Engineer: 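One structure is given below, represented as structure tokens, and several questions about it will come after.
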Amino acid sequence: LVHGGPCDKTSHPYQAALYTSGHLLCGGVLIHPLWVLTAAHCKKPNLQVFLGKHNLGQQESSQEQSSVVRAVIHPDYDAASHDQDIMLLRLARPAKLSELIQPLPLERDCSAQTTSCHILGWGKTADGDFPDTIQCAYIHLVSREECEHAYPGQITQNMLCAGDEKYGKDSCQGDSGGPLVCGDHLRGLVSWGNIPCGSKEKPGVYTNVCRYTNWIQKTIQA
């Protein structure tokens, strides 16, 4: 993510790192000891999940690694439009919760009043490189009508937009599937956005997690 800075060590216990072939692919969000939520476009064979991470290159006492035994892509995911960009990853064993590994509760209210949010991830930073330390930035939700104005014909009710008019703080490549946290609830998942990354003019676009309460509950409880 661009124009942010390193997160506080204790402030992101729900952040997941998704790896393939030993390298970062995407972010994700622990929402249940057995399940990580992420973007459908992060689907690849052989996903590996790391919980409790802060610095990717360090072997950290708090980290847990888990293979993914099932990846449930939303049935209505449309890769071409990025609509319904959400997927559930079943962990091979329940995460062992701690101060540094905790689920994040979902925002169930699509009309929730908190409009200032945090985004987090190990995606590309403003220098064009990938960071070792997880990055954080504070941004603000943008109305449907304003975001539709930025991306005509491309925004659905399953998307939520957020950005920063002053510095352009924004998610970027490698942040997909990571969390947009508003009022200490999961409000969105990093999905897509402008090229170059940077939200001064066009906001970042996030999967609208409040729309997926029923499917998530059904999938976890099966």
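Start at 1 with the first residue, then count along the sequence. Side-chain atoms are counted along with the backbone in the values below, which use heavy atoms only and exclude waters and symmetry mates.
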Engineer: Is it the case that the side chain of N208 and the backbone of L160 share a donor-acceptor pair, with hydrogens and angles ignored and the cut-off at 3.5 Å?
Structural biologist: no
Engineer: Give a yes or no on whether the backbone of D175 and the side-chain of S171 come within a donor-acceptor separation of less than 3.5 Å.
Structural biologist: no
Engineer: If you measure from CE on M159 to CD on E148, what distance do you get to the nearest 0.5 Å?
Structural biologist: 10.0 Å
Engineer: Would you say the side-chain atoms of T133 and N55 include a donor-acceptor pair closer than 3.5 Å?
Structural biologist: yes
Engineer: How many angstroms lie between atom CG of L51 and atom CG of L100, to the nearest 0.5 angstrom?
Structural biologist: 11.5 Å
Engineer: Less than 3.5 Å apart, any donor N or O on the side chain of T115 or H140 sitting next to an acceptor on the other?
Structural biologist: no
Engineer: Listed by chain and number, what are the salt bridge (charged side-chain N to carboxylate O under 4.0 Å, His left out) partners of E60, not counting sequence neighbours?
Structural biologist: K53
Engineer: Side chain of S143, backbone of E146: donor and acceptor closer than 3.5 Å?
Structural biologist: yes
Engineer: Out of curiosity, does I139 fall in the hydrophobic cluster containing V205 (side-chain heavy atoms, cut-off under 4.5 Å, transitive links)?
Structural biologist: no
Engineer: Checking the side chain of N158 only, and the main-chain atoms of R211 only, is there a donor and an acceptor separated by less than 3.5 Å?
Structural biologist: no
Engineer: For residues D85 and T207, is any side-chain donor paired with an opposing acceptor at under 3.5 Å?
Structural biologist: no
Engineer: For the backbone of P203 and the side chain of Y151, can you confirm whether one donor and one acceptor N or O come within less than 3.5 Å of each other?
Structural biologist: yes
Engineer: Quick check: do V181 and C117 have side-chain heavy atoms less than 4.5 Å from each other?
Structural biologist: no
Engineer: Apply ring-ring contact (aromatic ring centres under 6.0 Å, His included) to the pair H118 and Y138, showing each step before the final yes or no.
Structural biologist: CA-CA 5 Å; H118 294 78; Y138 202 54; 4.7 Å; yes
Engineer: Answer yes or no: does atom CZ of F130 have more than 12 heavy-atom neighbours from other residues, nucleotides or ligands under 6.0 Å?
Structural biologist: yes
Engineer: Considering only residues two or more places apart or on different chains, which pairs with a residue in residues 11-33 satisfy side-chain hydrogen bond (donor to acceptor under 3.5 Å, both in side chains)?
Structural biologist: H12-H54
Engineer: Roughly how far, to the nearest 0.5 Å, is SG of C210 from CG of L106?
Structural biologist: 10.0 Å
Engineer: Please round to the nearest 0.5 Å and tell me the distance separating atom CG of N46 and atom CG of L25.
Structural biologist: 11.5 Å
Engineer: Between the main-chain N or O of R187 and the side-chain N or O of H185, is there a donor-acceptor pair closer than 3.5 Å?
Structural biologist: no
Engineer: Is atom CD of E165 surrounded by more than 12 heavy atoms (other residues, nucleotides or ligands) closer than 6.0 Å?
Structural biologist: no
